[PDB]
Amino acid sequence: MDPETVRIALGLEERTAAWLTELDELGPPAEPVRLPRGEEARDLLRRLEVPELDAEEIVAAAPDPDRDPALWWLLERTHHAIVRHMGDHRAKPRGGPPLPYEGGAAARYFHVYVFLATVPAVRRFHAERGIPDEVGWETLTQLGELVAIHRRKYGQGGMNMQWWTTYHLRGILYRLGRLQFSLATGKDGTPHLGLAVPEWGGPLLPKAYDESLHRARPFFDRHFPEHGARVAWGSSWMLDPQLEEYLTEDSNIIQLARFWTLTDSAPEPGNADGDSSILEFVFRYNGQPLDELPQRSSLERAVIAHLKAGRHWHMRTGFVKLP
């Protein structure tokens, strides 16, 4: 098969051609790609907290080298494009494009098969780094969350956050309790830990947040001693001080943001960029008119009211020193 044939078969837009060329030149992986099937697959999916409805569909639609040659070609190389950067946080998070849904369930769950095919390689990396099994598994369970998110957002099964799962799959991000931390560097190359907050796991209770922060240095200083971060860095709608207008004192976001030192400039009031971020995380927004959006929580009302007033939300960036 050739990249141009793949592109046309899968219905991929012309801009993907460069990627497909990169993948063609990269070639298949040394260790041949293996998808778990049947009950082996169900057990893996279950361990990764994929909801039963989706898991059953993923197993049913698993593609085949003979019937799905264009998809299979892309699966091998996309897997390869990820493992070649195992442990490497300096490489960009390129998970490859989403596949048009005209290709059906195998196309919708394409990046789930990528994830499944890549579990053995990342678990090997975990073991070499001496990462505890429970931490390695807990990290990889975000697959289930991201699958569940696709279904809530769009209404059918899928997983279109493959750029994000390149972090888990390269062994550069670890869930350490309520929070996740990634091996990262600033523009000047100084090491730090990138912080992220998975959806699943309940409210961001101060005690839970604190425990995660305490886990960060001991974990990375043990398993990634060459890294040596002292500080965690976050960019988020959650760090926007404008939230203080609308959320009360018992807001976990408000209490915790107080510990952060913001390092970016006060944004231009007319900069509408952070809007799509807050809309994604609060509503899993998908173009529907603001009036139709739910208004059950104080934050849900806040996001809309602020927007209705002609105002904008901003992603803000800051740091906390690691305990």
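Residue numbers here begin at 1 and follow the sequence given.
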| query | finding |
| --- | --- |
| Of 65-73 and 25-33, the one with larger mean CA B-factor | 25-33 |
| Selected stretch [higher average CA B-factor]: 81-89 or 189-197 | 81-89 |
| Selection by C-alpha B-factor (highest) of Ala55, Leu256, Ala272, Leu262 | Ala272 |
| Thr165 - which third its CA temperature factor falls in, relative to the rest of the chain | lowest |
| Third of the chain's Cα B-factor distribution that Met238 belongs to, per the entry | middle |
| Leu176 CA temperature factor, ranked by third within the chain | lowest |
| Chain thirds of CA B-factor: placement of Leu247 | highest |
